[PDB]
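Here is the structure we will look at.
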């Protein structure tokens, strides 16, 4: 008799609502309301919209989305996508996708509406923090290769700049060989800004390149039988070399696990802005073949034990982007990127301390 | 197997969800989600928060939802909220420490209701503003002097304002009309009027409409079919009347505006109104829960509904000042104010041609 | 203006196309303009109205009309006034005191009409506008 309060209500809804309503509508709206109210990323695949999920190499817009403070936002436009080329920035609230209001629209619905074939156009209405009126974008989609990792030397300094815009399947291998290719290097600038995340095993593997021992990241929850804890093995190549990590509001998921692991192990300095805070994991629960729900089944926890979604990553050195004031391969860009100049400066003091 | 797909889902949630949740919370958050998705005004009174209906301090704004966001329909004239600078169409973004997204229409009112001395802050977004606006207002009792009539100087007409549909709107208008016998026309200003009780909109309309259906409550069940007529005789059935409406006119203000419009009893001047034609009722879900949902919708004498579209005026005029080719060369009871209000001056212009046409 | 304005202009012949009737789109009304009182104003206005059975109202633009001959002002006004005085020339000599009235043959005694005038309306245009205003025949 405990689930009676639901049967009690649909009786009143059938009779005293202004419109007569089919129970078919009652039930799709039944499952919608519970999923959406509990969790932002908890979305619903319908009685027919299951198989809807041989997709091939489809195209898309190239923005990763999440929901912060109940409203959908762009985590970061992936560098090199038509959305990145269009002028989208991190933290931008999506208000309408193709004149369709994202109000009470789940994260997955927004992703699917922007995904399709590379030639299809798409409109997005957005609200930015410092704009008088909402901004309208007319952009064409594209295929997403995403060249993740390249290592460059910071000229006139012994350091080198390594950028990871996303967690491809080849990030640990490409980063390691990029370091192996530079014996003369005395420091690293690891740019994880604008990286919306990726797969966990490449976040753990990249962090294992710098951490000898200790906890690295863990998935925990009420069921301790389903409580994964990743640690670092003793095979860490670069246990001494300086490293300065850069993060901003576009850093999410995997990039926060490695940045938080380095920060918590006091292995690196974190420069930039407070990150987005995407430390949730969802899971497909198969309601047979007709329906599937997505709900968060676990959360991510750092080597310090702190959770990610509630707070994100607070950097050790806060710096808003912009140009370096003056007085009148990475040269000149250091002046056009004040955050990069700070990460190099934090390495420069490390090289001084190591003079013992 | 009527409820088969709902019990089927919660089974996976109980076992494979990240957090432990009592079935009591699973159901309250289920039914809240059901209530909210069907109707904007459909809100929820809890297992304990029901029969908490006992009584008037507050902020003084009437709120509604049309496109998923809570907005101020119009700040009640003379309230401390009106004093703060609130305007129509402003999205309410934060009431206290709660982002108003997925906060029911009823819940937002409760946070603004309290004792008249307590202060309260509200975060608001306006249509043309770069960053959110912060308003710190103190609550107060709402007396709201609803109706006043003033003579329009240098014209034989008079200006009637109704800021809200008090229990005294038909009486105050009527006595105002008898108190100026030689008046030859009316400017009925319903702008910024977010509504009021239904019977005072019908009674005011009956003050000028001789015959015909006037407004209707209609739902899918025909057992709930109230039909309002002009069952009484109308004292002032001939004198001209020009009604002003804008984006802040809603419900009752639209009912009287549409009734006069549909019967060709008045000219409707201004902008499209807000479009709130629903009425709710307290429904007892046993003793634990109670729901507020729309029990009927309003239909005009023309048969058209009021919620989907509102009222489209006969003459559109956007607000501002009346132009003057030498308005800064001259620069160093309603006279001259007509020059500061282009909408009011147009309603006077339609009365002046009306009084000319009646010269037959 | 702060200083007097100087104009260098070349002259021309003056035909002056006085009357044309146009329909006001998305309304049942029509716009009739009279920039001057040609010898053909009553005839052209009447046939312009005769050409539009579906019309429910008139906008009579007399702005910028500096005047014209009296008989076409009286004739145009007679198109809308059934009876009553229409315009008069008076003075000390009552032997030379002309008074024009309207004959009963007025075609459009019901149809709405809104007249427009400005600082450029003079002479004839004021006789017809004043006649319609005084008879409460137009706005």
**Request:** Sum -39500 (n - 2.57) across every DSSP H segment of at least 4 residues in chain B, then divide by the residue count to get the 222 nm mean residue ellipticity, nearest 500.
**Result:** -7500 deg cm²/dmol
**Request:** Please order B:197, A:95, A:190 by the number of other Cβ within 10 Å, starting at the fewest.
**Result:** B:197, A:95, A:190
**Item:** Centre separation in Å (Cα based) which lies between the range B:188-211 and the range B:212-273
**Value:** 7
**Compactness of the range A:57-196, expressed as Rg and Dmax over alpha-carbon positions, Å** = 17.8, 55
**Message:** For chain C, what does the relative contact order come out to in percent, with C-alpha contacts under 8 Å and a separation of six or more?
**Reply:** 23
**Prompt:** Can you give the Rg to Rh ratio for the range B:206-360, taking only C-alpha atoms and Rh from Kirkwood?
**Reply:** 1.11
**Pair residue B:113, residue A:229: separation of 7 Å Cα→Cβ label points (nm)** = 5.1
**Fill in**
Restricted to the protein assembly as shown, the DSSP antiparallel beta bridge percent, nearest 5, is 70
**Rg/Rg_globular for the range B:1-96, with Rg_globular taken as 2.2 N^0.38 Å and Rg from C-alpha atoms** = 1.52
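Take the Cα radius of gyration of the range B:50-118 and divide it by 2.2 N^0.38 Å, with N its residue count; two decimals is plenty.
Taking N as the residue count of the range B:50-118, the ratio is 1.11.
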**Prompt:** Counting pairs of Cα atoms in the range A:207-271, how many percent are more than 20 Å apart?
**Reply:** 32
**Asked** If you average 1/r over every pair of different alpha-carbon atoms in chain A and take one over that average, what Kirkwood value in Å do you get?
**Response** 22.5
**Message:** I'd like the distance between the alpha-carbon centres of the range C:1-63 and the range B:122-162, rounded to an integer number of Å.
**Reply:** 45
**Asked** Using alpha-carbon pairs under 8 Å, 6+ residues apart, how would you state the relative contact order of the range B:192-237 in percent?
**Response** 40
**Item:** FRET efficiency, 1/(1 + (r/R0)^6) with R0 25 Å, evaluated for residue A:180 and residue A:304 via beta carbons
**Value:** 0.25
**Prompt:** Compactness ratio of the protein assembly as shown: Cα Rg over 2.2 N^0.38 Å, N = residue count?
**Reply:** 1.29
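Relative contact order for the range B:180-316 using alpha-carbon pairs under 8 Å, separation at least 6, rounded to a whole percent?
Normalised by residue count, the contact order of the range B:180-316 is 27 percent.
Cβ sites come from the backbone with ideal geometry, for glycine too, and all protein chains shown count toward neighbours. We did not get these values from a lab; they are worked out from the coordinates using the rules stated.
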